[PDB]
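A.B. asks: Just passing along the structure, written as structure tokens.
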Amino acid sequence: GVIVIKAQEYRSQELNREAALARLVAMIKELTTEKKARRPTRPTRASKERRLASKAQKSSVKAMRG
RNA sequence: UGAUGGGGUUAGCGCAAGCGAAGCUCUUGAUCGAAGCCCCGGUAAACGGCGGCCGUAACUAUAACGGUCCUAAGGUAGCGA
């Protein structure tokens with residue numbers, strides 16, 4: 001994790017300061033990725049749908065017995 | 001090409017003055033007038049040229065997509081330090 005990059009030649013060294021600076025700073029941002037898409041914010045609308053989806057199959061299992 | 005009108009000079013009409021035929025001049029030029037030009041299309045293995053801005057998907061990251069502007073058209077196939 002010695003994370004290296006060669007901020008090569010320029011007409012002002014400080015230019016690559018702000019270059020390598022915004023590079024590492026943003027790198028930390030890009031590597032924020034809190035589980036790549038995970039908040040996860042799992043809605044409740046899809047939960048009732050599948051729940052009622054389990055309901056339809058429930059009553060049909062009133063099939064064969066006795 | 002040359003219709004006209006306009007200027008100069010001077011028989012005759014007239015004793016100043018003036019007028020002015022006619023001649024000849026100077027000038028104006030109506031009119032005639034083709035291609036080109038304009039309009040019109042076709043033409044890119046003719047010369048050539050072949051975009052912006054901005055938002056958006058289960059926080060993250062990108063944006064298939066969406067909005068709007070602009071252009072004659074908005075770079076496909078393939079390829080790419």
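Following the order of the structure tokens, first chain is A, next is B, and so on, with residues numbered from 1 inside each chain and ligands from 1 in the order they appear.
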If the cut-off is 9 Å, can you tell me the residues of chain B near chain A, counting only C-alpha atoms (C1' of nucleotides)? I'd like them as JSON, numbers by chain.
C.D. replies: {"B": [58, 59, 60, 61]}
A.B. asks: Excluding stretch 73-79 of chain B and its own-chain neighbours fewer than 3 positions away, which residues fall within 12 Å of it when counting only C-alpha atoms (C1' of nucleotides)? Please give them as a list in words.
C.D. replies: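 With the cut-off at 12 Å, the set is residues 49, 50, 51, 52 and 70 of chain B.
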A.B. asks: Excluding residue A:3 and any residue of its chain fewer than 3 positions from it, enumerate the residues within 12 Å of it, using only C-alpha atoms (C1' of nucleotides), and give them as a VMD selection string.
C.D. replies: chain A and resid 6 20 23 to 24 27 to 28
A.B. asks: Do you have the atom CA of residue A:1-atom CA of residue A:25 distance handy?
C.D. replies: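 These atoms are spaced 14.7 Å apart.
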A.B. asks: Do you have the atom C1' of residue B:32-atom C1' of residue B:4 distance handy?
C.D. replies: 15.9 Å
A.B. asks: I'd like to know which residues of chain A are helix (DSSP H, G or I) (by DSSP, run on the backbone); could you write them as number ranges by chain?
C.D. replies: A: 15-30, 45-60
A.B. asks: Mind pulling up the distance from atom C1' of residue B:5 to atom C1' of residue B:20?
C.D. replies: 18.1 Å
A.B. asks: Can you work out which one of A:4, A:64, A:46, A:53 has the shortest atom-to-atom distance to residue A:21, counting only C-alpha atoms?
C.D. replies: A:4
A.B. asks: Hey, what's within 10 Å of residue B:10 if we count only C-alpha atoms (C1' of nucleotides) and toss same-chain stuff fewer than 5 positions away? As a PyMOL selection string, please?
C.D. replies: chain B and resi 20-23
A.B. asks: Quick one: write out the picked residues with N, CA and C atoms (P, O5', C5', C4', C3', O3' and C1' of nucleotides) as a PDB file, in the first residue's frame?
C.D. replies:
ATOM      1  P     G B  20     -34.529  80.602 -80.456  1.00  0.00           P
ATOM      2  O5'   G B  20     -34.372  80.163 -81.978  1.00  0.00           O
ATOM      3  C5'   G B  20     -35.535  79.847 -82.767  1.00  0.00           C
ATOM      4  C4'   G B  20     -35.214  79.929 -84.238  1.00  0.00           C
ATOM      5  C3'   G B  20     -34.018  79.114 -84.693  1.00  0.00           C
ATOM      6  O3'   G B  20     -34.374  77.743 -84.850  1.00  0.00           O
ATOM      7  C1'   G B  20     -33.880  81.278 -85.623  1.00  0.00           C
ATOM      8  P     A B  21     -33.300  76.688 -85.419  1.00  0.00           P
ATOM      9  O5'   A B  21     -33.851  76.378 -86.880  1.00  0.00           O
ATOM     10  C5'   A B  21     -35.272  76.373 -87.149  1.00  0.00           C
ATOM     11  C4'   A B  21     -35.526  76.578 -88.623  1.00  0.00           C
ATOM     12  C3'   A B  21     -34.753  75.638 -89.528  1.00  0.00           C
ATOM     13  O3'   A B  21     -35.411  74.381 -89.620  1.00  0.00           O
ATOM     14  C1'   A B  21     -34.562  77.850 -90.344  1.00  0.00           C
ATOM     15  P     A B  22     -34.588  73.033 -89.339  1.00  0.00           P
ATOM     16  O5'   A B  22     -33.468  73.053 -90.466  1.00  0.00           O
ATOM     17  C5'   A B  22     -33.824  73.171 -91.859  1.00  0.00           C
ATOM     18  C4'   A B  22     -32.630  73.624 -92.663  1.00  0.00           C
ATOM     19  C3'   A B  22     -31.333  72.941 -92.277  1.00  0.00           C
ATOM     20  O3'   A B  22     -31.230  71.635 -92.826  1.00  0.00           O
ATOM     21  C1'   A B  22     -30.962  75.260 -92.400  1.00  0.00           C
ATOM     22  P     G B  23     -30.534  70.471 -91.965  1.00  0.00           P
ATOM     23  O5'   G B  23     -28.983  70.706 -92.231  1.00  0.00           O
ATOM     24  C5'   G B  23     -28.497  70.961 -93.564  1.00  0.00           C
ATOM     25  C4'   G B  23     -27.153  71.643 -93.507  1.00  0.00           C
ATOM     26  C3'   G B  23     -26.148  70.991 -92.576  1.00  0.00           C
ATOM     27  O3'   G B  23     -25.535  69.859 -93.188  1.00  0.00           O
ATOM     28  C1'   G B  23     -26.152  73.323 -92.213  1.00  0.00           C
TER      29        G B  23
END
